[PDB]
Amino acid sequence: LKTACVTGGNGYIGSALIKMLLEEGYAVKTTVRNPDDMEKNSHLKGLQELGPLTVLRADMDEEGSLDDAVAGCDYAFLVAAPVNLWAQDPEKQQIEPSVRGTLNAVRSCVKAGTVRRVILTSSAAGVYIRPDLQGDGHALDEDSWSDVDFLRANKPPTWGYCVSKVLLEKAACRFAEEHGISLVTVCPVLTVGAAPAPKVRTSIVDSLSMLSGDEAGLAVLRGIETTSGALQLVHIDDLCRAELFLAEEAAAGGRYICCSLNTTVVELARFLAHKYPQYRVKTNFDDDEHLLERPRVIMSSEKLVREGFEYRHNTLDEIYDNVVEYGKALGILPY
């Protein structure tokens, strides 16, 4: 069989990727940091009783820890990454560990000799910090990079996360090219949908905040719109198929935005209020709230599409098709 490595099998996106790879007939090796924690990793046993899944222990911050897991793999999906969006000391707790851990992982992939392609999962946060674009009508593509200097000078919330994505991508791209290994980078927007992982929180807390009523989650969604010009969404299923697509399509190369739809907080609030009447969805925003009626800047996925990929969740109704039941199971929603 063809074998794939997925770092961070207990993560939100990582757990979904593993499930899809197995379904598509791959043998899968995944790393977690504490396999003995079956609260976090029970889905890996569930999947492991269904398909050829291997679970290993590794911390990406330790050089060479990934050597064994990626040995004998055709593809390496580097999903695991530091996600301290709000660290007190971002340079040391988010940025430096991100760059160092990504280089550690690519080094292991090179060492393995068998890895045909590395698939690095980054984020739209490395793309859409663009304070030089004013007014509306803007459309960002893979040539757009988040303004690191602006981020370090002004340090808005989650600035360290945005910087870490920019720096780790460039470090990864340089390392891969200097060692002759093919590297594809995927920059997904906010990802929504059910996954096998039983104890994840991550962005689900935020994407469900209009239904849960959590004001911190609501601030995150507002922050995305304010800082990037829109609220961009993609379904977990489309993200995982996109990663498989980019791994398999030999003609694929370089960076790829993964984004199905550009909306706004107000649009999403209205739609969710309409689709889920049982929740008290606040839709009446009033003035000061610098909220957009329509996107000012959109993220373009034309490169991935013209590459041959097709999204299957193309409306708000389809992007939010199964996340509510997932939120219930995770305890993020009560009922």
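Numbers follow the displayed sequence, beginning with 1.
Colleague: If you average the CA temperature factors over each stretch, which comes out higher, 277-285 or 59-67?
Modeller: Going by the record's values, the stretch with the higher mean is 277-285.
Colleague: Quick check on the record: does 217-225 or 135-143 carry the larger mean Cα temperature factor?
Modeller: It is 135-143.
Colleague: Have a look at 44, 298, 32, 268 and flag the one whose Cα has the highest B-factor in the entry.
Modeller: Most elevated C-alpha B-factor of the set, per the entry: 298.
Colleague: When you compare the CA B-factors of 91, 206, 238, 169 as listed in the entry, which one comes out on top?
Modeller: Comparing C-alpha B-factors across 91, 206, 238, 169, the top value belongs to 91.
Colleague: Sorting the chain's modelled residues by C-alpha B-factor, tell me whether residue 6 ends up in the lowest, middle or highest third.
Modeller: Lowest third of the chain for residue 6's C-alpha B-factor.
Colleague: In terms of the CA temperature factor given in the entry, to which third of its chain does residue 96 belong: lowest, middle or highest?
Modeller: Its C-alpha B-factor belongs to the middle third of this chain's values.
Colleague: Place residue 38 in the lowest, middle or highest third of its chain's C-alpha B-factors, as listed in the PDB entry.
Modeller: Highest third.
Colleague: Can you tell me whether residue 128 has a C-alpha B-factor in the lowest, middle or highest third compared with the other modelled residues of the same chain?
Modeller: Residue 128: CA B-factor falls in the middle third of its chain.
Colleague: Check where residue 53 lands among this chain's C-alpha B-factors and tell me if it's the lowest, middle or highest third.
Modeller: Bottom third by C-alpha B-factor.
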